[PDB]
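Undergrad: Order-wise, the sequence lines are chains A and B.
Per full-length UniProt numbering, residue 157 is the first one in the first sequence, and the count goes up by one each step.
Per full-length UniProt numbering, residue 365 is the first one in the second sequence, and the count goes up by one each step.
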Amino acid sequence: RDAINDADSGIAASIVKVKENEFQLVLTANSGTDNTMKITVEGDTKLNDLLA
Amino acid sequence: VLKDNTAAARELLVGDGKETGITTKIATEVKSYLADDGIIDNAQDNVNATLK
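Below is the structure:
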């Protein structure tokens, strides 16, 4: 979340506390269909298969 | 800049706020001069002693 927010590029990450003892990453860009995102990872297939 | 890339300004000005950051450096730098038996302290003591 920190490494996303620091960039201050328009995409931001916030952590939501699901019930208790659980959390979920939440990402959002600015409004607009032109702001729709495509995302992937490099190096870590374990994480790519989770977040791509 | 404040509207767009705030986090970058935060990191540059204060960083972690312990040793990184311009203001953090200034803290120690000015405290060095202000410390007891500092540069100003020595100058004032020397003037006082001379007056004797």
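C-beta: ideal position from N, C-alpha, C; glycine also.
Using 8 Å as the threshold, is the C-beta distance between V182 (chain A) and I195 (chain A) below it?
TA: Position 26 of the first sequence holds residue 182 (chain A). Position 39 of the first sequence holds residue 195 (chain A). Contact: no.
Undergrad: Check each candidate in B:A407, B:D405, B:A371 and B:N406 and name the one with the smallest Cα separation from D158 (chain A).
TA: One-based indexing of the first sequence puts residue 158 (chain A) at position 2. Considering only alpha carbons, the answer is B:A371.
Undergrad: On the DSSP bridge list, what partners appear for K202 (chain A)?
TA: As a working note, residue 202 (chain A) is residue 46 in the first sequence. In DSSP, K202 (chain A) forms no bridge with anything.
Undergrad: Give me the chain A residues within the contact set of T370 (chain B), using Cβ-Cβ distance strictly less than 7 Å, ordered along the chain.
TA: For this step, residue 370 (chain B) is matched to residue 6 along the second sequence. Under the 7 Å cutoff, chain A gives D164.
Undergrad: Show which residues of chain B have a CB atom less than 7 Å away from the CB atom of residue 108 (chain A).
TA: Absent from the model: residue 108 (chain A). The displayed extent of chain A is 157 to 208, so no value can be given.
Undergrad: Who does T184 (chain A) pair with in a DSSP beta bridge?
TA: Stepping through the first sequence from its first residue, residue 184 (chain A) is reached at position 28. Paired residues: A:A168.
Undergrad: Using 8 Å as the threshold, is the C-beta distance between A185 (chain A) and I160 (chain A) below it?
TA: By one-based count along the first sequence, residue 185 (chain A) stands at place 29. By one-based count along the first sequence, residue 160 (chain A) stands at place 4. No. Outside cutoff.
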